[PDB]
>>> print(open('structure.pdb').read())   # PDB, C-alpha atoms and all ligand atoms
ATOM      1  CA  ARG K   1      19.325  11.980   6.049  1.00  0.00           C
ATOM      2  CA  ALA K   2      15.910  12.302   4.418  1.00  0.00           C
ATOM      3  CA  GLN K   3      14.765   8.816   5.520  1.00  0.00           C
ATOM      4  CA  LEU K   4      13.961   9.063   9.201  1.00  0.00           C
ATOM      5  CA  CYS K   5      13.352   5.355   9.868  1.00  0.00           C
ATOM      6  CA  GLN K   6      16.676   3.814  10.903  1.00  0.00           C
ATOM      7  CA  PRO K   7      17.572   0.287   9.723  1.00  0.00           C
ATOM      8  CA  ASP K   8      17.610  -2.193  12.603  1.00  0.00           C
ATOM      9  CA  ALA K   9      20.174  -4.975  13.041  1.00  0.00           C
ATOM     10  CA  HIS K  10      18.324  -6.987  10.373  1.00  0.00           C
ATOM     11  CA  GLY K  11      18.109  -4.118   7.876  1.00  0.00           C
ATOM     12  CA  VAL K  12      14.438  -3.269   8.505  1.00  0.00           C
ATOM     13  CA  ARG K  13      13.716   0.452   8.775  1.00  0.00           C
ATOM     14  CA  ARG K  14      11.787   1.298  11.950  1.00  0.00           C
ATOM     15  CA  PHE K  15      10.693   4.422  13.772  1.00  0.00           C
ATOM     16  CA  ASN K  16      10.048   4.655  17.521  1.00  0.00           C
ATOM     17  CA  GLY K  17       9.477   0.884  17.736  1.00  0.00           C
ATOM     18  CA  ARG K  18       7.160   0.705  14.716  1.00  0.00           C
ATOM     19  CA  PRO K  19       7.849  -0.722  11.262  1.00  0.00           C
ATOM     20  CA  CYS K  20       8.119   1.734   8.392  1.00  0.00           C
ATOM     21  CA  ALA K  21       6.838   1.471   4.855  1.00  0.00           C
ATOM     22  CA  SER K  22       7.612   3.322   1.682  1.00  0.00           C
ATOM     23  CA  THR K  23       4.779   4.698  -0.418  1.00  0.00           C
ATOM     24  CA  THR K  24       4.166   5.732  -4.007  1.00  0.00           C
ATOM     25  CA  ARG K  25       1.084   6.732  -6.010  1.00  0.00           C
ATOM     26  CA  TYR K  26      -0.362   5.075  -9.077  1.00  0.00           C
ATOM     27  CA  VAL K  27      -3.112   5.371 -11.637  1.00  0.00           C
ATOM     28  CA  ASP K  28      -4.027   2.609 -14.077  1.00  0.00           C
ATOM     29  CA  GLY K  29      -7.825   2.261 -14.242  1.00  0.00           C
ATOM     30  CA  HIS K  30      -7.799  -1.516 -13.665  1.00  0.00           C
ATOM     31  CA  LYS K  31     -10.302  -3.353 -11.520  1.00  0.00           C
ATOM     32  CA  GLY K  32      -7.404  -4.813  -9.570  1.00  0.00           C
ATOM     33  CA  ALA K  33      -6.266  -7.981  -7.872  1.00  0.00           C
ATOM     34  CA  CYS K  34      -9.012  -8.147  -5.236  1.00  0.00           C
ATOM     35  CA  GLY K  35     -11.866  -8.172  -7.748  1.00  0.00           C
ATOM     36  CA  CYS K  36     -13.316  -4.816  -6.627  1.00  0.00           C
ATOM     37  CA  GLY K  37     -15.513  -4.369  -9.683  1.00  0.00           C
ATOM     38  CA  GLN K  38     -18.160  -6.315 -11.526  1.00  0.00           C
ATOM     39  CA  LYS K  39     -17.222  -9.948 -12.104  1.00  0.00           C
ATOM     40  CA  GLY K  40     -15.541 -10.731 -15.408  1.00  0.00           C
ATOM     41  CA  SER K  41     -14.829  -7.109 -16.380  1.00  0.00           C
ATOM     42  CA  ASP K  42     -11.780  -4.958 -15.904  1.00  0.00           C
ATOM     43  CA  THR K  43     -14.003  -2.160 -14.567  1.00  0.00           C
ATOM     44  CA  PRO K  44     -13.386  -1.081 -10.953  1.00  0.00           C
ATOM     45  CA  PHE K  45     -16.256   0.073  -8.863  1.00  0.00           C
ATOM     46  CA  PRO K  46     -16.028   3.889  -8.709  1.00  0.00           C
ATOM     47  CA  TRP K  47     -15.293   3.749  -4.979  1.00  0.00           C
ATOM     48  CA  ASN K  48     -12.152   1.696  -5.774  1.00  0.00           C
ATOM     49  CA  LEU K  49     -10.893   4.592  -7.905  1.00  0.00           C
ATOM     50  CA  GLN K  50     -12.014   7.323  -5.469  1.00  0.00           C
ATOM     51  CA  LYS K  51     -11.287   6.161  -1.916  1.00  0.00           C
ATOM     52  CA  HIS K  52      -8.149   5.548   0.154  1.00  0.00           C
ATOM     53  CA  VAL K  53      -7.186   2.220  -1.390  1.00  0.00           C
ATOM     54  CA  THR K  54      -3.794   0.626  -1.932  1.00  0.00           C
ATOM     55  CA  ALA K  55      -1.827  -1.962  -3.884  1.00  0.00           C
ATOM     56  CA  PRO K  56       0.791  -3.299  -1.429  1.00  0.00           C
ATOM     57  CA  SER K  57       3.936  -5.044  -2.462  1.00  0.00           C
ATOM     58  CA  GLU K  58       3.283  -8.640  -3.489  1.00  0.00           C
ATOM     59  CA  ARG K  59       4.596 -10.582  -0.492  1.00  0.00           C
ATOM     60  CA  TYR K  60       2.445  -8.605   1.940  1.00  0.00           C
ATOM     61  CA  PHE K  61      -0.507  -8.700  -0.470  1.00  0.00           C
ATOM     62  CA  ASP K  62      -0.462 -12.512  -0.373  1.00  0.00           C
ATOM     63  CA  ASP K  63       1.095 -13.076   3.082  1.00  0.00           C
ATOM     64  CA  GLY K  64       4.264 -14.662   1.660  1.00  0.00           C
ATOM     65  CA  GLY K  65       2.674 -16.175  -1.441  1.00  0.00           C
ATOM     66  CA  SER K  66       2.761 -15.145  -5.090  1.00  0.00           C
ATOM     67  CA  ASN K  67      -0.954 -15.104  -5.834  1.00  0.00           C
ATOM     68  CA  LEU K  68      -2.027 -11.982  -7.666  1.00  0.00           C
ATOM     69  CA  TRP K  69      -5.756 -12.709  -7.515  1.00  0.00           C
ATOM     70  CA  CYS K  70      -7.527 -12.754  -4.161  1.00  0.00           C
ATOM     71  CA  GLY K  71      -4.375 -12.427  -2.116  1.00  0.00           C
ATOM     72  CA  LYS K  72      -4.633 -13.335   1.532  1.00  0.00           C
ATOM     73  CA  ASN K  73      -4.557  -9.669   2.605  1.00  0.00           C
ATOM     74  CA  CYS K  74      -7.219  -8.397   0.206  1.00  0.00           C
ATOM     75  CA  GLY K  75      -9.666  -6.289   2.169  1.00  0.00           C
ATOM     76  CA  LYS K  76      -7.330  -5.585   5.071  1.00  0.00           C
ATOM     77  CA  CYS K  77      -6.877  -1.987   6.168  1.00  0.00           C
ATOM     78  CA  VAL K  78      -3.618  -0.283   7.089  1.00  0.00           C
ATOM     79  CA  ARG K  79      -3.091   2.997   8.920  1.00  0.00           C
ATOM     80  CA  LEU K  80      -0.187   4.933   7.441  1.00  0.00           C
ATOM     81  CA  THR K  81       1.341   7.757   9.482  1.00  0.00           C
ATOM     82  CA  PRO K  82       3.969  10.008   7.864  1.00  0.00           C
ATOM     83  CA  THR K  83       7.262  10.335   9.720  1.00  0.00           C
ATOM     84  CA  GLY K  84       8.366  13.440   7.799  1.00  0.00           C
ATOM     85  CA  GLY K  85      10.835  11.313   5.887  1.00  0.00           C
ATOM     86  CA  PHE K  86      11.137  10.367   2.226  1.00  0.00           C
ATOM     87  CA  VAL K  87      13.691   8.799  -0.109  1.00  0.00           C
ATOM     88  CA  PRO K  88      15.974  11.582  -1.329  1.00  0.00           C
ATOM     89  CA  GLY K  89      15.127  12.500  -4.897  1.00  0.00           C
ATOM     90  CA  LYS K  90      12.027  10.250  -4.854  1.00  0.00           C
ATOM     91  CA  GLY K  91       9.578  12.118  -2.671  1.00  0.00           C
ATOM     92  CA  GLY K  92       9.336  14.993  -0.251  1.00  0.00           C
ATOM     93  CA  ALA K  93       8.287  15.971   3.238  1.00  0.00           C
ATOM     94  CA  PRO K  94       4.493  16.277   3.560  1.00  0.00           C
ATOM     95  CA  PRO K  95       2.724  19.352   4.957  1.00  0.00           C
ATOM     96  CA  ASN K  96       1.328  17.441   7.938  1.00  0.00           C
ATOM     97  CA  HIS K  97       1.537  13.986   9.515  1.00  0.00           C
ATOM     98  CA  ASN K  98      -2.177  13.208   9.785  1.00  0.00           C
ATOM     99  CA  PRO K  99      -2.594   9.409   9.571  1.00  0.00           C
ATOM    100  CA  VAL K 100      -4.698   7.902   6.793  1.00  0.00           C
ATOM    101  CA  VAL K 101      -6.315   4.459   6.609  1.00  0.00           C
ATOM    102  CA  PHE K 102      -6.163   2.614   3.284  1.00  0.00           C
ATOM    103  CA  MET K 103      -7.856  -0.622   2.236  1.00  0.00           C
ATOM    104  CA  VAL K 104      -5.977  -3.280   0.284  1.00  0.00           C
ATOM    105  CA  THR K 105      -7.757  -3.718  -3.055  1.00  0.00           C
ATOM    106  CA  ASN K 106      -4.915  -4.466  -5.471  1.00  0.00           C
ATOM    107  CA  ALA K 107      -1.332  -5.773  -5.670  1.00  0.00           C
ATOM    108  CA  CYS K 108       2.030  -4.230  -6.565  1.00  0.00           C
ATOM    109  CA  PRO K 109       3.810  -7.216  -8.154  1.00  0.00           C
ATOM    110  CA  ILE K 110       7.537  -7.714  -7.925  1.00  0.00           C
ATOM    111  CA  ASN K 111       7.570  -8.023 -11.704  1.00  0.00           C
ATOM    112  CA  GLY K 112       7.797  -4.520 -13.140  1.00  0.00           C
ATOM    113  CA  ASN K 113       8.184  -2.882  -9.715  1.00  0.00           C
ATOM    114  CA  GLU K 114      11.646  -3.876  -8.520  1.00  0.00           C
ATOM    115  CA  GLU K 115      12.689  -0.664  -6.779  1.00  0.00           C
ATOM    116  CA  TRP K 116       9.693  -0.362  -4.443  1.00  0.00           C
ATOM    117  CA  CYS K 117       7.908  -3.730  -4.483  1.00  0.00           C
ATOM    118  CA  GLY K 118      10.886  -6.070  -4.936  1.00  0.00           C
ATOM    119  CA  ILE K 119      10.688  -7.544  -1.466  1.00  0.00           C
ATOM    120  CA  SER K 120      11.337 -11.268  -1.280  1.00  0.00           C
ATOM    121  CA  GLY K 121       9.495 -12.070   1.950  1.00  0.00           C
ATOM    122  CA  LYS K 122       6.500 -10.932   3.948  1.00  0.00           C
ATOM    123  CA  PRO K 123       6.780  -8.509   6.898  1.00  0.00           C
ATOM    124  CA  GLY K 124       8.441 -10.289   9.840  1.00  0.00           C
ATOM    125  CA  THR K 125      11.051 -12.022   7.709  1.00  0.00           C
ATOM    126  CA  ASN K 126      13.512  -9.111   7.488  1.00  0.00           C
ATOM    127  CA  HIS K 127      13.316  -8.808   3.722  1.00  0.00           C
ATOM    128  CA  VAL K 128      13.308  -5.230   2.457  1.00  0.00           C
ATOM    129  CA  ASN K 129      13.058  -3.257  -0.736  1.00  0.00           C
ATOM    130  CA  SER K 130      15.925  -1.307  -2.275  1.00  0.00           C
ATOM    131  CA  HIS K 131      15.238   1.558   0.162  1.00  0.00           C
ATOM    132  CA  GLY K 132      15.207  -0.551   3.323  1.00  0.00           C
ATOM    133  CA  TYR K 133      11.476  -0.987   3.956  1.00  0.00           C
ATOM    134  CA  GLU K 134       9.801  -4.298   4.780  1.00  0.00           C
ATOM    135  CA  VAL K 135       6.643  -3.368   2.836  1.00  0.00           C
ATOM    136  CA  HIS K 136       5.549  -0.853   0.219  1.00  0.00           C
ATOM    137  CA  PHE K 137       2.093   0.726  -0.297  1.00  0.00           C
ATOM    138  CA  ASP K 138       1.252   2.001  -3.761  1.00  0.00           C
ATOM    139  CA  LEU K 139      -1.627   4.432  -3.246  1.00  0.00           C
ATOM    140  CA  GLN K 140      -4.465   4.781  -5.776  1.00  0.00           C
ATOM    141  CA  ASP K 141      -4.582   8.353  -7.075  1.00  0.00           C
ATOM    142  CA  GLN K 142      -7.130   8.209  -9.934  1.00  0.00           C
ATOM    143  CA  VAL K 143      -9.120  11.177  -8.628  1.00  0.00           C
ATOM    144  CA  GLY K 144      -6.225  12.996  -6.970  1.00  0.00           C
ATOM    145  CA  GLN K 145      -6.956  11.644  -3.504  1.00  0.00           C
ATOM    146  CA  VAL K 146      -3.229  11.293  -2.774  1.00  0.00           C
ATOM    147  CA  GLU K 147      -2.548  14.746  -4.204  1.00  0.00           C
ATOM    148  CA  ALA K 148      -5.256  16.043  -1.842  1.00  0.00           C
ATOM    149  CA  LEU K 149      -3.213  14.646   1.087  1.00  0.00           C
ATOM    150  CA  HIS K 150      -0.125  16.380  -0.456  1.00  0.00           C
ATOM    151  CA  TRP K 151       1.737  13.125  -0.061  1.00  0.00           C
ATOM    152  CA  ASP K 152       4.772  12.858  -2.346  1.00  0.00           C
ATOM    153  CA  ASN K 153       5.949   9.309  -1.623  1.00  0.00           C
ATOM    154  CA  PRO K 154       6.172   9.895   2.140  1.00  0.00           C
ATOM    155  CA  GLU K 155       7.895   7.505   4.477  1.00  0.00           C
ATOM    156  CA  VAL K 156       5.312   6.196   6.948  1.00  0.00           C
ATOM    157  CA  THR K 157       4.865   3.920   9.883  1.00  0.00           C
ATOM    158  CA  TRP K 158       2.294   1.220   9.151  1.00  0.00           C
ATOM    159  CA  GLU K 159      -0.122  -0.951  11.105  1.00  0.00           C
ATOM    160  CA  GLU K 160      -3.090  -3.142  10.254  1.00  0.00           C
ATOM    161  CA  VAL K 161      -6.318  -1.748  11.693  1.00  0.00           C
ATOM    162  CA  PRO K 162      -9.986  -2.707  11.509  1.00  0.00           C
ATOM    163  CA  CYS K 163     -11.486  -1.179   8.384  1.00  0.00           C
ATOM    164  CA  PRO K 164     -13.850   1.769   8.779  1.00  0.00           C
ATOM    165  CA  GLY K 165     -17.439   0.683   8.245  1.00  0.00           C
ATOM    166  CA  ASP K 166     -17.800   2.284   4.827  1.00  0.00           C
ATOM    167  CA  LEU K 167     -14.692   0.518   3.479  1.00  0.00           C
ATOM    168  CA  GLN K 168     -15.773  -2.786   5.014  1.00  0.00           C
ATOM    169  CA  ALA K 169     -19.127  -2.459   3.255  1.00  0.00           C
ATOM    170  CA  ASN K 170     -17.397  -1.567  -0.026  1.00  0.00           C
ATOM    171  CA  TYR K 171     -15.201  -4.677   0.239  1.00  0.00           C
ATOM    172  CA  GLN K 172     -18.254  -6.927   0.604  1.00  0.00           C
ATOM    173  CA  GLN K 173     -18.965  -6.406  -3.084  1.00  0.00           C
ATOM    174  CA  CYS K 174     -15.463  -7.366  -4.213  1.00  0.00           C
ATOM    175  CA  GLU K 175     -15.224 -10.803  -5.761  1.00  0.00           C
ATOM    176  CA  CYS K 176     -12.445 -11.818  -3.382  1.00  0.00           C
ATOM    177  CA  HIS K 177     -14.588 -11.309  -0.286  1.00  0.00           C
ATOM    178  CA  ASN K 178     -14.731 -14.803   1.335  1.00  0.00           C
ATOM    179  CA  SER K 179     -12.556 -16.363  -1.333  1.00  0.00           C
TER     180      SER K 179
HETATM  181  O1  LIG K 201       6.630   0.866  -8.813  1.00  0.00           O
HETATM  182  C1  LIG K 201       5.748   1.484  -7.925  1.00  0.00           C
HETATM  183  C2  LIG K 201       5.012   2.673  -8.468  1.00  0.00           C
HETATM  184  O2  LIG K 201       5.967   3.742  -8.790  1.00  0.00           O
HETATM  185  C3  LIG K 201       5.333   5.017  -9.212  1.00  0.00           C
HETATM  186  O3  LIG K 201       6.318   5.842  -9.620  1.00  0.00           O
HETATM  187  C4  LIG K 201       7.000   6.569  -8.582  1.00  0.00           C
HETATM  188  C5  LIG K 201       8.472   6.620  -8.901  1.00  0.00           C
HETATM  189  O4  LIG K 201       9.093   5.309  -8.762  1.00  0.00           O
HETATM  190  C6  LIG K 201       9.282   7.548  -8.054  1.00  0.00           C
HETATM  191  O5  LIG K 201      10.636   7.621  -8.512  1.00  0.00           O
HETATM  192  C7  LIG K 201       8.698   8.949  -8.064  1.00  0.00           C
HETATM  193  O6  LIG K 201       9.394   9.733  -7.214  1.00  0.00           O
HETATM  194  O7  LIG K 201       7.307   8.822  -7.603  1.00  0.00           O
HETATM  195  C8  LIG K 201       6.495   8.033  -8.529  1.00  0.00           C
HETATM  196  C9  LIG K 201       5.065   8.200  -8.071  1.00  0.00           C
HETATM  197  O8  LIG K 201       4.858   7.641  -6.811  1.00  0.00           O
HETATM  198  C10 LIG K 201       4.441   4.795 -10.426  1.00  0.00           C
HETATM  199  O9  LIG K 201       3.699   5.987 -10.687  1.00  0.00           O
HETATM  200  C11 LIG K 201       3.502   3.646 -10.222  1.00  0.00           C
HETATM  201  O10 LIG K 201       2.828   3.405 -11.484  1.00  0.00           O
HETATM  202  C12 LIG K 201       4.180   2.388  -9.739  1.00  0.00           C
HETATM  203  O11 LIG K 201       3.218   1.385  -9.460  1.00  0.00           O
HETATM  204  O1  LIG K 202      -7.825  -5.923 -13.018  1.00  0.00           O
HETATM  205  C1  LIG K 202      -8.153  -7.267 -12.758  1.00  0.00           C
HETATM  206  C2  LIG K 202      -6.927  -8.105 -12.783  1.00  0.00           C
HETATM  207  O2  LIG K 202      -6.016  -7.513 -11.784  1.00  0.00           O
HETATM  208  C3  LIG K 202      -4.706  -8.183 -11.795  1.00  0.00           C
HETATM  209  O3  LIG K 202      -3.924  -7.492 -10.939  1.00  0.00           O
HETATM  210  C4  LIG K 202      -3.122  -6.422 -11.482  1.00  0.00           C
HETATM  211  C5  LIG K 202      -3.875  -5.125 -11.464  1.00  0.00           C
HETATM  212  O4  LIG K 202      -4.920  -5.122 -12.489  1.00  0.00           O
HETATM  213  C6  LIG K 202      -3.023  -3.926 -11.700  1.00  0.00           C
HETATM  214  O5  LIG K 202      -3.750  -2.745 -11.366  1.00  0.00           O
HETATM  215  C7  LIG K 202      -1.741  -3.936 -10.853  1.00  0.00           C
HETATM  216  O6  LIG K 202      -0.906  -2.942 -11.240  1.00  0.00           O
HETATM  217  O7  LIG K 202      -1.035  -5.230 -11.017  1.00  0.00           O
HETATM  218  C8  LIG K 202      -1.883  -6.317 -10.566  1.00  0.00           C
HETATM  219  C9  LIG K 202      -1.092  -7.617 -10.547  1.00  0.00           C
HETATM  220  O8  LIG K 202      -0.443  -7.831 -11.789  1.00  0.00           O
HETATM  221  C10 LIG K 202      -4.928  -9.600 -11.292  1.00  0.00           C
HETATM  222  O9  LIG K 202      -3.677 -10.232 -11.216  1.00  0.00           O
HETATM  223  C11 LIG K 202      -5.835 -10.310 -12.252  1.00  0.00           C
HETATM  224  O10 LIG K 202      -6.031 -11.658 -11.765  1.00  0.00           O
HETATM  225  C12 LIG K 202      -7.149  -9.592 -12.418  1.00  0.00           C
HETATM  226  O11 LIG K 202      -7.921 -10.258 -13.419  1.00  0.00           O
END
>>> encode(input="structure.pdb", output="structure tokens")
Amino acid sequence: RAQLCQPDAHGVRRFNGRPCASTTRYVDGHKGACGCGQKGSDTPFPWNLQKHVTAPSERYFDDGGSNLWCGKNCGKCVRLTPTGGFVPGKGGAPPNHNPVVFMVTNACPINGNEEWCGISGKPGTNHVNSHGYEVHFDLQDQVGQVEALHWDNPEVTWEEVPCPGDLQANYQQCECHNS
């Protein structure tokens, strides 16, 4: 039993009353789906390669929609707290459970990401990925910021939170701000 969030009656994995999410890490160098780089380029701002930023699964990214540019949840922040769980063979238990806040700056589309991001409804609709989570957070790791957490695809509980001031200021230069 490596996954510590138990599926509820509707199949949604939860932990101590809180919804769980799966996580992965990614690198791709793109500006991303929230326009966090200079307009018209595919060049991210350095902070969007360096900071705690995420590409959530598509249906959360766009609050039930399929838009992959300026999704409704661009610029939102989520606090992710490890449970100690992970998907067997696809992660491991992290050294600590310190929570980390990530800002949504990109999208993990269903297309090409079935296992983790193939979720056919937004959180609250009891649709889950292949591992039983209502949402997935793909974590930017360009500069090893996820390695520095020693997170190997940890299971987490997730919540939306106000963004820290530095991340809020960063987001103000993304093209999707006030879209
Ligand atoms: O599709 C989401 C995301 O997956 C990343 O690969 C995972 C892989 O699926 C998993 O089996 C392994 O244990 O962990 C890696 C890294 O988290 C992939 O690197 C991403 O490009 C992709 O967006
Ligand atoms: O990079 C700008 C470009 O981002 C597109 O989103 C991609 C993103 O680049 C990539 O990092 C991620 O893996 O997949 C998403 C969605 O496919 C966005 O859709 C474009 O409109 C935008 O021009």
>>> residues_near_ligand(input="structure.pdb", ligand="ligand LIG 201 (chain K)", cutoff="6 Å", atoms="all atoms listed in the file", output="ChimeraX atom specification")
/K:24-26,90-91,113,116,153
>>> resolve_selection(input="structure.pdb", expression="the PyMOL selection byres (((not hetatm)) within 7 of (chain K and resi 202))", output="VMD selection string")
chain K and resid 28 30 to 33 35 42 68 to 69 106 to 109
>>> atom_distance(input="structure.pdb", atom1="atom CA of residue 179 of chain K", atom2="atom CA of residue 71 of chain K")
9.1 Å
>>> resolve_selection(input="structure.pdb", expression="the PyMOL selection byres (((chain K and resi 161-172) around 6) and not hetatm)", output="VMD selection string")
chain K and resid 77 to 78 160 173 to 174 177
>>> closest_residue(input="structure.pdb", among="K:82, K:118, K:112, K:75", to="residue 150 of chain K", atoms="all atoms listed in the file")
K:82
>>> resolve_selection(input="structure.pdb", expression="the PyMOL selection byres (((chain K and resi 6) around 12) and not hetatm)", output="PyMOL selection string")
chain K and resi 1-5+7-21+83+85+131-133+155+157
>>> atom_distance(input="structure.pdb", atom1="atom CA of residue 151 of chain K", atom2="atom CA of residue 176 of chain K")
28.9 Å
>>> atom_distance(input="structure.pdb", atom1="atom CA of residue 89 of chain K", atom2="atom CA of residue 29 of chain K")
26.8 Å
>>> axis_aligned_box(input="structure.pdb", around="segment 60-72 of chain K", padding_each_side="6 Å", output="lines of an AutoDock Vina configuration file")
center_x = -1.6
center_y = -12.4
center_z = -2.3
size_x = 23.8
size_y = 19.6
size_z = 22.7
>>> closest_residue(input="structure.pdb", among="K:137, K:158, K:47, K:86", to="residue 119 of chain K", atoms="all atoms listed in the file")
K:137
>>> closest_residue(input="structure.pdb", among="K:37, K:44, K:154, K:94", to="residue 22 of chain K", atoms="all atoms listed in the file")
K:154
>>> closest_residue(input="structure.pdb", among="K:156, K:139, K:120, K:134", to="residue 79 of chain K", atoms="only C-alpha atoms")
K:156
>>> closest_residue(input="structure.pdb", among="K:51, K:136, K:127, K:122", to="residue 65 of chain K", atoms="only C-alpha atoms")
K:122
>>> closest_residue(input="structure.pdb", among="K:87, K:105, K:175, K:23", to="residue 40 of chain K", atoms="only C-alpha atoms")
K:175
>>> residues_around(input="structure.pdb", residues="residue 142 of chain K", least_positions_apart="3", cutoff="7 Å", atoms="all atoms listed in the file", output="ChimeraX atom specification")
/K:27,49-50
>>> write_last_selection(input="structure.pdb", atoms="C-alpha atoms", output="CSV table (one decimal), in the frame of the given file")
chain,number,residue,atom,x,y,z
K,27,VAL,CA,-3.1,5.4,-11.6
K,49,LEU,CA,-10.9,4.6,-7.9
K,50,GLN,CA,-12.0,7.3,-5.5
>>> residues_around(input="structure.pdb", residues="residue 53 of chain K", least_positions_apart="5", cutoff="7 Å", atoms="all atoms listed in the file", output="VMD selection string")
chain K and resid 48 102 to 105 139 to 140
>>> decode(input="structure.pdb", residues="segment 75-89 of chain K", atoms="N, CA and C atoms", output="tab-separated table (two decimals), in the first residue's frame")
chain	number	residue	atom	x	y	z
K	75	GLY	N	-2.23	31.30	-13.14
K	75	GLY	CA	-1.90	32.24	-12.10
K	75	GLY	C	-2.42	31.89	-10.73
K	76	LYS	N	-3.19	30.82	-10.59
K	76	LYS	CA	-3.57	30.35	-9.26
K	76	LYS	C	-2.39	29.65	-8.61
K	77	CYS	N	-2.38	29.65	-7.28
K	77	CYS	CA	-1.37	28.93	-6.52
K	77	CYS	C	-2.02	27.78	-5.76
K	78	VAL	N	-1.25	26.70	-5.64
K	78	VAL	CA	-1.67	25.51	-4.92
K	78	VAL	C	-0.58	25.14	-3.92
K	79	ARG	N	-1.00	24.81	-2.70
K	79	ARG	CA	-0.09	24.26	-1.70
K	79	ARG	C	-0.19	22.75	-1.77
K	80	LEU	N	0.96	22.10	-1.95
K	80	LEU	CA	1.05	20.66	-2.05
K	80	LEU	C	1.81	20.14	-0.84
K	81	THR	N	1.19	19.23	-0.10
K	81	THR	CA	1.78	18.67	1.10
K	81	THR	C	1.96	17.18	0.94
K	82	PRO	N	3.19	16.66	0.92
K	82	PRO	CA	3.35	15.20	0.79
K	82	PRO	C	2.65	14.45	1.90
K	83	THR	N	2.08	13.31	1.54
K	83	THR	CA	1.51	12.37	2.52
K	83	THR	C	2.52	11.32	2.99
K	84	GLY	N	3.62	11.14	2.26
K	84	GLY	CA	4.48	9.98	2.39
K	84	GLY	C	4.19	8.90	1.38
K	85	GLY	N	3.09	9.03	0.64
K	85	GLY	CA	2.74	8.06	-0.36
K	85	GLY	C	3.33	8.34	-1.72
K	86	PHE	N	3.13	7.39	-2.63
K	86	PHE	CA	3.58	7.44	-4.01
K	86	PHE	C	2.95	6.25	-4.71
K	87	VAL	N	2.96	6.30	-6.04
K	87	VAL	CA	2.45	5.18	-6.85
K	87	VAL	C	3.56	4.15	-6.95
K	88	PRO	N	3.30	2.91	-6.57
K	88	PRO	CA	4.39	1.93	-6.55
K	88	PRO	C	5.03	1.81	-7.92
K	89	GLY	N	6.36	1.87	-7.94
K	89	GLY	CA	7.11	1.78	-9.17
K	89	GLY	C	7.18	3.06	-9.96
